[PDB]
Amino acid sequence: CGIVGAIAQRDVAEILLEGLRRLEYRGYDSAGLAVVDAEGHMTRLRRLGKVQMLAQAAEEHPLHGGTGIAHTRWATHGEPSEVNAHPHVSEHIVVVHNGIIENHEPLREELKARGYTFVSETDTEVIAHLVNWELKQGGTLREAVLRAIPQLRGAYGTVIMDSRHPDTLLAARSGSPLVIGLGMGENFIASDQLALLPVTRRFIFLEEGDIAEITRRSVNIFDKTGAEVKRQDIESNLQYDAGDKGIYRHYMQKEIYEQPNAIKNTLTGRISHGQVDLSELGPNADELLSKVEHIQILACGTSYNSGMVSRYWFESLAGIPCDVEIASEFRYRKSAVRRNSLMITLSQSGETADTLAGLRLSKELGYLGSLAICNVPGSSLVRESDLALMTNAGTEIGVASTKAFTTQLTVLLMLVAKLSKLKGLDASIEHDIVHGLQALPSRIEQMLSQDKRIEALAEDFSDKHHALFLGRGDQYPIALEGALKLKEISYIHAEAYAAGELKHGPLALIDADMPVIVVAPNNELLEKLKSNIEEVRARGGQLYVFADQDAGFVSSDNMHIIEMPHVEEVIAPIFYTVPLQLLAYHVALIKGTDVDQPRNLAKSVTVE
């Protein structure tokens, strides 16, 4: 979800709306804002649907005033409803929050029994009634919030307002991000600096436990207790472009086309003279990485798929045992820890709840250390890991990851090179990987010029409701990732298989209507994969084969061959992802689906 707050001299409603538009990719099931004018007349508006529903409403009933808070949300529990939309109130108290109040249930009973009525089942109302109760003796809002916060347990961020005293906002960071934007004679707050770029580039990042008292002219941050702490303001490092689509129709589209440049940025400072350079990790990292006998990778969704590709690399190239597991399963099992095991999390956001819970469990279980591969500076996974290797792909706004996945593989391959060197293996392994990486942005630039043939193919998917994706070896998780892209944004029921598994049952699914998408680099598995493709064609499947130009496939009625330029084997999985990203994009366009904000979802699963 996304939180924006604002305390200014000028009206803030437009600012709060522009803030929600920018955080929309985090939840687009509902949104609301509440604005108090200097006279304390508070106007609250809440709508079901995308932020535009709220903006439209606001245009009919405009909201005057300098103080306000706003929210946009991914509704998990129950069908989304306007009754549950934020902000929530308790008379004069008004509240928005992100994250979770773990002890929702006892606090609720206790407030009920003190005489409160609950209009919703949200945690937000719990926080509202509680602060109302804390104020009932008559102190300052800050005083009540200091009393209130210790009674709340869980991982959450909240902004709180007393409409009787529109001069001050209170915010409390306790598990979920909050950041204050510093203006001139006005201040703002948000769950992500991205929402505040249009009015300020100067930010104070609250640390866990911080409570902030914010007026037009002052920012006072206090610790756990009531003691003031010092927090440095800094200049934004995000791009000025941020959540602008530029010439692109979709964020996803932009992010697919940005991949050559994002990859270059992932590589900056990290390749030198035919070798990989990960000295940014510092003068104790080699000692650690040198002791690694086993790698455990933990991730969700597309970040799990890149870990699955790298497993083939780590075992075959660095000779290191590597397991990859989805984090929602790992975090609850009673696992057997390998000797000398490195925990690697992959996460674009660095905030995914299950991945984060895996990392926290791993400390307790005695792994050797942990390495974060992350796209977000200063996210939870980065600060709680022993080591971090940032992807440098830039902000990613498309709910479906494209550039995050391919820059993750780039970094994995670097770490494969580094480990192969620390183990004293053939120097050629590192050389060949570095040759790969060095060609990679140009190879991707070159694959993107196949976009028009893929766009033409996508029209065939117009009447389709199913698809199968097939790959073998290190291309098998590339099939997984293409099937996930396709089903997530076009809603075709796409399913991936390692090609060797069909004759054990799934081949029953093939009839004359089933399209089957395959990635076919010209490598030692080509003949084995060709056999699989023939098994599919023999039962009437419609084949779409992205194959190397010299693979020798013969095009026909049910065999559509999209010829691919040559590529270094070591980077072949990254290259073959690109056509599947384009195909998913184009099919979604044909289907008329919301490519950037697919239904039932939002980006980054930060609450379990």
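One rule holds for the numbers: they count along the sequence shown, beginning at 1.
436 to 444 and 497 to 505 differ in mean CA B-factor, and the higher of the two is recorded for 436 to 444. Averaged over CA atoms, B-factors in the entry run higher in 108 to 116 than in the other of 373 to 381 and 108 to 116.
Going by the entry's values, 230 shows the largest Cα B-factor out of 464, 418, 254, 230. Per the deposited coordinates, the residue with the largest Cα temperature factor out of 487, 250, 273, 530 is 273. Sort the modelled residues of the chain by CA B factor and residue 571 lands in the lowest third.
When the modelled residues of the chain are ordered by C-alpha B-factor, residue 240 sits in the highest third.
Sort the modelled residues of the chain by CA B factor and residue 331 lands in the lowest third.
Annotation for residue 301: CA B-factor lies in the lowest third of the chain's modelled residues. Among all modelled residues in its chain, residue 89 ranks in the highest third by Cα B-factor.
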